[PDB]
Each structure stands twice: as C-alpha cells, then as structure tokens.
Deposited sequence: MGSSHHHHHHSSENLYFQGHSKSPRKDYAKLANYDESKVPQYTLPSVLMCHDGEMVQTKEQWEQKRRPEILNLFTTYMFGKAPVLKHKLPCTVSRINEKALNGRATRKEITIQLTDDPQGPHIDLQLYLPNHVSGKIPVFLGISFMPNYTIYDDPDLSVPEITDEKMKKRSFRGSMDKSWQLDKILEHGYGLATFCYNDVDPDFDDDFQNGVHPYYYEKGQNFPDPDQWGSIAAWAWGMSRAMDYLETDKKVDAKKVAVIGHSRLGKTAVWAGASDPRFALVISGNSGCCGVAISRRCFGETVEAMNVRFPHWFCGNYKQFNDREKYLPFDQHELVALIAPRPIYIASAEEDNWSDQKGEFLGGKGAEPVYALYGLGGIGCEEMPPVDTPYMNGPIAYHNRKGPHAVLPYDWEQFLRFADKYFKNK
C-alpha cells in the first residue's frame, strides 16, 4: 500500500529525456498541414486512442434521458438570480441514480445567457451560502465557485455533485451507473469501457443535454470547468463533447494536461494504483511504461482546438507538475495554428501570478495551494469575456 508522494521526483534536472508522440503525424505516416486532414483523419484517430486506452467508451444514447425541473425560484438571491433544480434520470430505473443539477441564472439580463457547467466534490448546498437551502455546510465551497463574480459578468453557473453519477471509491463498479449499462453476461466494464472519470464526463454531457433545452441558456456558450480529478473530467468532457464552447482545467495535472513522459510528481502508476476506478482497464498497462503511451496529454488539449482552454496551475502543487501542465498546452499549439490561432504567448513557463490569456490556450501558475481560489475565477471570467461578449 505504497505512499507514492515520497518516491516521486520533483527535481527538474532529473526529468528523463523523452520524445512526445507527433500530434500532426497519422498512424500511417501521413502528416497534417490542413485543418481538413485534422478534422477528417487525425483528430478521430487521437479521439479513438484516448477513448480505447485511457478514459474508456461511455454508453451512447438514442434519445436524451428523462429529466424534470423539480423546483424553480425566480427571486433566489434577493431577486439577483433564478435558481432551478433539474433531476436527470441516468438509467431506465426511476429509483436509480439521478443528476441533481442546480442552475443559477442572473435576473435583469435580456439575451440567452452563457453558463459555466461545473462538477463539484460536494452537494449543491456547498456552492453558495443560499438562505433558501438546508443541510460540509452551506456555501462552504463558495471560494471555489465565486457565484457573485459569475453573476456580475451576466453568466450563469450550473453544477452537480459527481457522486450523483458514480461514487468516488473503488467498489469494482457495482454502484453508480456502470452496472445499469452492463450486458446480461458482464459483471464488470470491459478493458476499453468507461471508468469513473469517463462516467463523470458523460454526466456533464447529460447536464448539457438539459441546458440546450433551457430557453434562457445560450447552448453555444457553455464552459465546462472542474478542479483536480474533476479537472481531468472537465478536459475529457471538452475533448469528447464538442458542444462545450470553452474548457477550464483547474490543476488537472497527471492524466489531465500534464505530460506523462516527464514522470514528475504524480505518475500513471501512482494514479492507477491509488484510483483503480478512475480510468479504463486498458490504461493500467502504462503503469511505469510512460514511454509506451500511444499518446501524451498535449494530444488531449489538441482535441479542444479550435475552442479555447484555460490551464491553471498552483505554485505549491508540484504533485500536479505545473511545468508539464504548461507543456501539455505548448504541445497543442501546432493544431491551433491549423486554424490560424496563436499559442499561449510565451516559449518557457511563466513566473507565478503572470497570466497569459491573449491566445486560444490561456495559462497561469498562481501562488498558494492546490485549489480553485477567487484569483483563478478572476482570470477565468476575463478569458470567458473575450469569447462570450464583444
């Protein structure tokens, strides 16, 4: 039951030499130098590699799942906001698992409204100290959602607790949604089928299915966001569902946007051993075999192109590998160029509290711990404004 935190390299001068797999080079050798070759041949190859070998295939539905608007409050924050609560039935079982989506929209705004779709560690009461909710404690996670700031910009926020989809604990997938999608002769996901992170991501796509039917939400302006293991999830939700307009990776780190081949802080083995439920079976083959990965996480960031992404790091989060987060963005730059979009705007990793967001890939590494703080939201909304407003 090893503690991988002690065994990990954090010494930049002891990172092994490595070659990144070429994002632009198709499996048959053909290089991409056109968005059309990208969209038609290469992006599908990479999308297939990540689905087969890392996240795993989630169920594809023939119809949108049943959902209800079970409560509406049009005067939710002394009239500043409409709060809706939407129950999304994930299975054929009405007594089975549901998303309890909580949507805040600002009042006194005329258009359709851009929305942050976030996924939370804790129930919806923890997002805002909202005096029309009951019971951590009410608004205990406000720092990490900054709903006042989101409302100030004329955007909304929709969140649900990831536990709603799949409990985050290694119960060999007898709980959550997995078992409801097994075949009659299957007690476990196949090696190429979804683990937990893919289930949570699929979760966000079922939330987006509701959102595009909400008259007040701008379906063309939905940002996905999540922190840490839910960072990983948000980036996959963005990669695997192109309806999301903008993707926010909050210290996603290892198997997020960090480059695995650096073997800095958290590694694939640390990851799969501690969290066997997170990724598909296929992915456990890469435990301390990073060099044999058919891809690296720069290719995951490449699946967001041309759409914008904000990669945020924390100065104290060496576990997440802040330089490797930066280099995962750097590595996607060649694909954004096919679309005539610039890069991050700097060659080497910038110093602390130095945001770059003038390109389609934004980056900062902020002072303090592994978290989403007001600082982070400050930059996220500045970046969102560039796309969601004129």
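The deposited sequence has C-alpha coordinates everywhere except the stretches 1-24, 160-170, 426.
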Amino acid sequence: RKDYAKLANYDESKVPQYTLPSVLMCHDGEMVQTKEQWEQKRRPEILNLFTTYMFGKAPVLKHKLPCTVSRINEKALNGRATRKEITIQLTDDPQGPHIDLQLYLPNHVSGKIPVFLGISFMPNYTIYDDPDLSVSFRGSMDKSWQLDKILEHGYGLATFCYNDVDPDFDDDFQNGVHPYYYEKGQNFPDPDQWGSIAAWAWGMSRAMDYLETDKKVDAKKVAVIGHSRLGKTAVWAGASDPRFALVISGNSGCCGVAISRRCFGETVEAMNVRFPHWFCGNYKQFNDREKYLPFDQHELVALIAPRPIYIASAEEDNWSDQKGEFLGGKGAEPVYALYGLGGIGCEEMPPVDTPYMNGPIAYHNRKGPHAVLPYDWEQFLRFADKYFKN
From here on, numbers count along this sequence of modelled residues.
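Stretches 70-78 and 90-98 differ in mean C-alpha B factor, with the higher average recorded for 70-78.
Two stretches are in play, 297-305 and 198-206, and the higher mean C-alpha B-factor belongs to 297-305.
Taking the PDB entry at face value, the top CA B factor among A362, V60, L47, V352 belongs to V60. For the set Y310, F173, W236, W145, the maximum C-alpha B-factor listed in the entry falls on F173. Among all modelled residues in this chain, the alpha-carbon of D192 has a temperature factor (C-alpha) in the lowest third. The deposited CA B-factor of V135 belongs to the highest third of values across its chain.
When all modelled residues of the chain are sorted by CA temperature factor, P242 is found within the middle third. Among all modelled residues in its chain, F121 ranks in the middle third by Cα B-factor. Looking at the C-alpha B-factors along this chain, the one for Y128 belongs to the middle third.
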